[PDB]
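Accompanying notes for the structure given below.
We did not get these values from a lab; they are worked out from the coordinates using the rules stated. Methodologically, a virtual Cβ is constructed for each residue, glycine included, from the backbone with ideal geometry; neighbour enumeration extends over all protein chains shown.
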Amino acid sequence: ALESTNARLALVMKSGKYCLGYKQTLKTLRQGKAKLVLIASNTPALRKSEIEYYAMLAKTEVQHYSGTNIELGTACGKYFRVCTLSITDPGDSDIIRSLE
Amino acid sequence: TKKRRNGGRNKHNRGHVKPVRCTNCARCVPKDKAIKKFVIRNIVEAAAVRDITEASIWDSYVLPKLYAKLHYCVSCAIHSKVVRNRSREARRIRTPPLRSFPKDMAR
Amino acid sequence: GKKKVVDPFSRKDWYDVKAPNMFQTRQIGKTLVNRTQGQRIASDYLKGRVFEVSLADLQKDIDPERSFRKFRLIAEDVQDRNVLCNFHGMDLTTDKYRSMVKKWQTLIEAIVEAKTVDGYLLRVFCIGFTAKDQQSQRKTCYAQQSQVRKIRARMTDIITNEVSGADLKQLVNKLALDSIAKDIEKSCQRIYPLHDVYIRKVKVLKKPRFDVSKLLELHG
Amino acid sequence: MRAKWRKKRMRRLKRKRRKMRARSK
Amino acid sequence: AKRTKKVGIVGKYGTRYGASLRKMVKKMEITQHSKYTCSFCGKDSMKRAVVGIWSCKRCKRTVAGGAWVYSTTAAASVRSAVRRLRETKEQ
Amino acid sequence: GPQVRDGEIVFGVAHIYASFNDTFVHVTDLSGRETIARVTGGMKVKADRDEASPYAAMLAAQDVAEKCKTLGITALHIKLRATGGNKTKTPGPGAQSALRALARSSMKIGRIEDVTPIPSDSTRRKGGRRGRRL
RNA sequence: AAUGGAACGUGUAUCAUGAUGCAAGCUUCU
RNA sequence: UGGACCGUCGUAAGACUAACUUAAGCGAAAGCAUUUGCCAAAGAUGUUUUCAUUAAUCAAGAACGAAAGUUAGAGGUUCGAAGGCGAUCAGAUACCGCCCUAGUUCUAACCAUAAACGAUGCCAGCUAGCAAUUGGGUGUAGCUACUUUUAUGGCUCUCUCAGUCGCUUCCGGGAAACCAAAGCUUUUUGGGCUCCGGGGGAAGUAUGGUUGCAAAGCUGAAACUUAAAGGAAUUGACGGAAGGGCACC
């Protein structure tokens with residue numbers, strides 16, 4: 001199937017607030033600012049499971065990406081290879097409570 | 001001159017339709033351009049039906065029939081006299097005509 | 001350098017072949033197997049073989065409504081002039097299929113592959129024929145194919161349930177009365193008026209194990 | 001003699017001619 | 001400048017070794033030395049180290065591949081086929 | 001579950017393959033593979049063009065039926081087979097004559113089936129596109 | 001350096017705690 | 001040479017979707033008929049949405065472009081150019097019968113051509129009845145499917161667009177055959193725009209340029225030849241094209 005998230009991530013970029021990348025995403029995961037964490041399918045094995053476990057202890061929901069880094073980053077519209085996302089305040093979203 | 005308004009047979013808005021190989025020449029002709037005739041016959045053919053029914057145990061039976069829809073090239077058909085050289089007037093004329101019913105389908 | 005006598009007909013024994021339980025006539029025959037040599041296993045040369053006879057004839061439906069529906073048997077086990085013969089398959093006569101299928105109608109085909117309670121994994125081919133409404137001025141009656149796709153979706157939904165309802169025994173029983181065809185008919189007609197429906201062909205090919213104990217249930 | 005086979009004679013003759021010209025190049 | 005329209009990379013081999021062979025070279029020497037998308041870092045930093053071995057410059061995940069191409073045509077089909085047979089045996 | 005009583009009507013399978021140029025009446029084991037007396041129309045007449053003839057086919061069916069009847073096959077179910085294919089698909093002329101002659105030898109009939117295996121779609125029928133003239 | 005045959009518990013299939021044959025006994029992104 | 005051929009059963013390989021399948025659909029066109037999933041596209045309808053002339057058609061240039069032929073693999077079952085065979089026939093080299101190669105198929109590349117044809121440029125309006133036919137929509141107090149009946153769906157019935165055509169008539173055109181477009185082409189005129197022809201052959205050849213790996217393809221003369229050439233319908237003659245009759249040549 002999916003579609004799905006390309007439409008969703010554009011809305012979050014426009015209205016809301018973002019931190020991308022392991023160091024910021026971990027910081028937002030720690031601080032509790034991270035309502036949602038999205039992890040690439042690619043992420044080096046360790047960091048997939050770290051970011052899941054920071055999330056599990058945080059009780060924050062992890063969305064597992066269907067695509068690459070370039071796919072993550074093009075969705076955010078940034079020319080950069082994004083290997084993690086935290087969506088910290090999305091203002092139009094039904095996206096806050098979603099699992100791919 | 002275009003004698004035939006349909007060109008060959010009824011190709012309008014498709015122009016190219018997958019071909020079926022003609023059961024007499026094994027040729028190649030698109031499916032719009034086949035003369036097709038429906039071969040409906042009994043397996044036990046005519047005289048033998050009297051002989052088989054007596055010999056065969058069953059109370060009446062009621063014979064299975066053979067179906068073989070044969071596909072003719074134009075060349076094939078007219079040799080075997082399936083289509084007989086019609087009309088400048090009568091090529092245009094569709095209709096049929098049998099009179100009797102029970103369709104030919106010999107040899 | 002073999003060289004056998006001649007008249008090998010006067011060297012090929014005699015044997016009885018038994019049909020299945022829930023049909024009607026559990027004799028379908030006697031036939032002439034190779035004489036048991038210690039240099040020939042005649043029992044193995046009875047086992048691998050597969051037969052087809054139309055169920056109509058065996059059922060002995062005098063005016064046969066069942067005339068078309070072809071039924072396959074496989075000769076499982078050899079015991080003192082008796083051969084059992086389980087379900088192997090059910091096809092359909094070419095006569096029926098071809099005669100019905102006359103231009104002026106959409107044709108539908110559906111697929112299921114599903115597993116019985118015993119490990120026979122059997123594939124059924126449901127074939128839909130479509131019906132002109134009473135006083136249909138429209139000579140050709142064609143489906144919009146949202147219809148055909150949806151019928152295909154319903155066809156597969158109905159047949160999957162039916163397969164897994166107890167083994168080949170219960171499955172073939174659903175075929176016999178054609179309750180599958182009726183369940184197809186009530187469901188399909190909501191979408192689109194339909195004519196002739198049958199289970200067309202079924203091929204079993206996974207056949208789990210020889211499982212002789214449950215096999216001998218069939219043996220009357 | 002039909003246009004196709006006449007066209008083939010000229011096509012065949014063109015390869016003959018091309019070969020001749022190719023010698024002298 | 002698009003210096004050479006026709007030859008590109010095969011201009012190293014210049015005049016030697018006949019034009020038809022040189023066309024074959026052009027495809028292969030493009031596919032090798034080319035940065036491929038690493039499935040395991042999502043970055044296009046995978047380059048051909050040696051004949052059958054592609055190392056991703058970042059994450060250092062080194063993947064076994066086709067000699068000129070990361071994915072040989074046989075491989076894609078191969079991997080899908082085994083995967084599909086896996087599903088039917090299990091359930 | 002209606003037992004089994006011994007004693008006839010005990011069927012075999014006739015397996016008639018009636019094609020153009022030769023017609024076979026191969027009577028076999030009901031299960032299929034173990035046979036009695038294949039006997040073609042071919043050995044019934046030496047004309048090369050009459051191997052298919054319903055004259056030949058009648059005689060073949062009669063010859064086989066004796067071999068079956070003496071050894072205790074009283075009866076036979078029947079399978080009829082074209083050439084079915086990228087081949088003619090039409091049953092050979094000896095077909096009806098074999099069928100009725102097998103019955104008229106005190107052999108009891110219960111099944112006439114057309115097993116003729118019909119292509120759902122198959123490559124190129126012989127004669128390659130400028131097709132088999134004459 | 002763990003072969004073959006069986007022994008604890010399991011369960012499906014067959015029949016009313018026991019028997020019967022086939023499965024199981026053992027750590028799977030990372 | 002006895003186990004072909006054949007039957008039966010399984011299996012291997014490659015190919016392909018008969019019937020169903022059409023005056024039926026789609027796609028710009030070539031072309032596109034098994035099932036199912038995904039990705040994105042197109043079109044008709046519908047829209048009191050938006051934009052507010054953006055548009056129409058086109059040298060050049062480009063996109064796609066059946067098949068053969070060609071480069072390299074996979075693939076080669078089937079059919080099967082060439083070859084070699086049996087008859088036929090003066091010849092067969094062919095039709096015909098056998099074996100079968102390149103080829104068919106698929107993939108990465110070529111080629112740019114075909115009756116690539118519906119022989120008919122595209123976009124707009126207008127000019128005739130009927131019934132089909134593809135799709136949507138308006139009404140269905142119509143039939144059927146169901147839940148207590150419904151609500152829903154499909155088909156007919158009614159009405160309407162836009163599609164592809166047919167039939168019979170033109171109510172025009174045409175030389176006619178035909179053509180609802182080949183009409184409105186005027187009375188030497190009609191919306192807008194392209195392309196092509198201006199006697200027949202030579203000749204799609206020569207020549208040069210171009211493209212192509214090559215085969216080829218595009219662009220494309222003339223010398224010179226010649227009074228006809230083409231299309232149509234009509235009547236005869238003639239058929240190893242088709243149906244009736246009539247006679248003991």
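Taking only alpha carbon atoms, chain F gives an Rg to Rh ratio of 1.06, where Rh is the Kirkwood radius. If you run the Gaussian network model on chain F, springs between alpha carbon atoms under 10 Å, then out of F:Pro117, F:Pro54, F:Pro93 the most flexible one is F:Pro117.
Our summary gives region E:1-79 a relative contact order of 17 percent, counting only alpha carbon pairs under 8 angstrom and 6 or more residues apart.
For B:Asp104, put the label point 7 Å out on the Cα→Cβ axis and report which residues of region B:1-45 keep their amide N under 12 Å from it. Those under the cut-off are none; the list is empty.
Compared with the rule-of-thumb size 2.2 N^0.38 Å for a compact globular protein, region B:1-102 has a Cα radius of gyration ratio of 1.51. Using the Cα coordinates of region F:27-89, the gyration tensor eigenvalues translate into equivalent-ellipsoid semi-axes of 22, 18, 9 Å, sorted from longest to shortest.
The residue list F:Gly41, F:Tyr55, F:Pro119 was ranked by how far each Cα lies along the charge dipole of chain F toward its positive end, using unit charges on Cβ atoms, and F:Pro119 comes out on top.
Other chains' Cβ within 10 Å of B:20-29 residues: what's the mean? Mean partner shielding for this stretch: 6. Taking the longest Cα principal axis of chain C as reference, the axis of helix C:179-191 is set at about 20 degrees. Note on region E:1-44: the alpha carbon radius of gyration divided by the globular reference 2.2 N^0.38 Å gives 1.52.
The string of couplings for region C:63-68 from the Karplus curve (6.51, -1.76, 1.60, θ = phi - 60°) is 10, x, 6, 9, 4, 7 Hz, one whole number per residue in order, with x for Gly and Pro.
For chain A, a simple Cβ point-charge model (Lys and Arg +1, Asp and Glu -1, everything else neutral) yields a dipole of about 440 debye relative to the Cα centre. Between C:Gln170 and F:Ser106, the modelled labels are 4.9 nm apart [label points 7 Å from Cα along Cα→Cβ]. Test of understanding: extend the Cα→C-beta vector of B:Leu63 to 7 Å, then name every residue of region B:84-107 with backbone N under 20 Å from that spot. Residues B:100-107 fall inside that zone.
Label separation (F:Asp121 vs E:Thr15): 5.6 nm, computed from points 7 Å beyond Cα along the C-beta direction.
Taking Cα atoms only, the orientation of helix C:146-163 departs from the longest principal axis of chain C by about 40 degrees. For region F:29-42, 3J(HN,Hα) computed residue by residue from phi via the Karplus equation (6.51, -1.76, 1.60; θ = phi - 60°) reads 2, 5, 5, x, 6, 9, 10, 10, 6, 3, 4, 6, x, x Hz, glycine and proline entered as x. Contact order for chain F, expressed relative to its length and based on alpha carbon pairs under 8 Å spaced 6+ residues apart, stands at 26 percent. If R0 is taken as 25 Å, the Cβ-Cβ distance between B:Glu89 and B:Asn10 corresponds to a FRET efficiency of 0.80.
Taking loop as defined by DSSP and a crowding limit of 15 other beta carbons within 10 Å, which trypsin sites (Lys or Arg not before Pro) in region E:18-87 fit? The partial results should precede the final answer.
Working: sites: E:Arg22, E:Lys23, E:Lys26, E:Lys27, E:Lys35, E:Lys43, E:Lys47, E:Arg48, E:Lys57, E:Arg58, E:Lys60, E:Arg61, E:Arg79, E:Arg83, E:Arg84, E:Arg86; in loops: E:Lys35, E:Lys43, E:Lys57, E:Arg58, E:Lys60, E:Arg61.
Those satisfying the criteria are E:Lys35, E:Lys57, E:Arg58, E:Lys60.
Under 5 Å from the amide H of F:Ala82 lie the amide H atoms of F:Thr116, each residue being 5 or more positions distant or on a separate chain, with H modelled from the backbone and absent for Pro and chain starts. Roughly how many whole Å is it from the C-alpha centroid of region C:137-161 to that of region A:61-100? Their Cα centres are 41 Å away from one another. Taking the DSSP beta bridges with both ends in chain F, the antiparallel portion is around 35 percent.
With the charge dipole of chain A set up from +1 on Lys and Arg Cβ and -1 on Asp and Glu Cβ about the Cα centre, the Cα lying farthest toward the positive end among the listed residues A:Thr25, A:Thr74, A:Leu85 is that of A:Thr25. Spin-label model, E:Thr88 to C:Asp118: label points 7 Å out along the Cα-to-beta-carbon direction sit 2.2 nm apart.
Taking only Cα atoms of region F:80-134, what ratio of Rg to Rh do you get with Rh as the Kirkwood inverse-distance radius? Ratio value, two decimals: 1.15. Classify chain E from the C-alpha gyration tensor, please: rounded if a/c falls under 1.5, else prolate or oblate depending on whether a/b exceeds b/c. Judged from the Cα gyration tensor, chain E comes out prolate (a/c at least 1.5, a/b above b/c).
Rounded to the nearest Hz, the phi-derived 3J(HN,Hα) couplings of region F:14-19 under the Karplus curve 6.51 cos²θ - 1.76 cosθ + 1.60 (θ = phi - 60°) are 5, 4, 8, 10, 10, 10, where x marks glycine and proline.
What would the Debye equation give as log₁₀ I(q)/I(0) for chain C at q = 0.13 Å⁻¹, counting only Cα atoms as equal point scatterers? One equal scatterer on each Cα of chain C leads to -0.83. Each pair of Cα atoms in region A:31-100 enters the Kirkwood radius, and Stokes-Einstein at 25 °C and 0.890 mPa s then converts it into a translational diffusion coefficient of 197 µm²/s.
For chain A, the relative contact order works out to 43 percent when only alpha carbon pairs closer than 8 Å and six or more residues apart are counted. Which of the chymotrypsin sites (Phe, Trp or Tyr not before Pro) found in region C:120-215 are in a DSSP loop and have at most 11 neighbouring Cβ atoms, other than their own, within 10 Å? Loop-located and lightly packed - C:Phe210. The dipole here belongs to the protein assembly as shown: it is taken about the Cα centre, uses +1 on the Cβ of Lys and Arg and -1 on the Cβ of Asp and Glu, and is about 8640 debye. The Cα atoms of region A:1-67 cover 28, 25, 19 Å along the three principal axes, with the biggest extent listed first.
Between C:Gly89 and C:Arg72, the built amide H atoms are under 5 Å apart, and every one of these is 5 or more places off in sequence or on another chain. The protein assembly as shown gives an Rg/Rh value of 1.09, both radii derived from C-alpha positions and Rh following Kirkwood.
For chain F, the longest stretch holding no trypsin sites (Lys or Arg not before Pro) located in a DSSP loop with at most 10 other Cβ atoms within 10 Å is which? Could you put the intermediate results ahead of the total?
On the way: sites that count: F:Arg5, F:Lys46, F:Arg49, F:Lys126, F:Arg130.
Maximal segment without exposed cleavage sites: F:50-125.
Between the amide H of F:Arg33 and those of C:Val50, distances stay under 5 Å, these residues lying 5 or more places away or on another chain, with hydrogens modeled in the peptide plane. Two decimals is fine: what is log10 I(q)/I(0) at q = 0.11, 0.14, 0.26 Å⁻¹ for region C:1-75, from a Debye sum with one equal scatterer on every Cα and no solvent? With one equal scatterer per Cα and no solvent, log10 I(q)/I(0) is -0.41, -0.60, -1.23.
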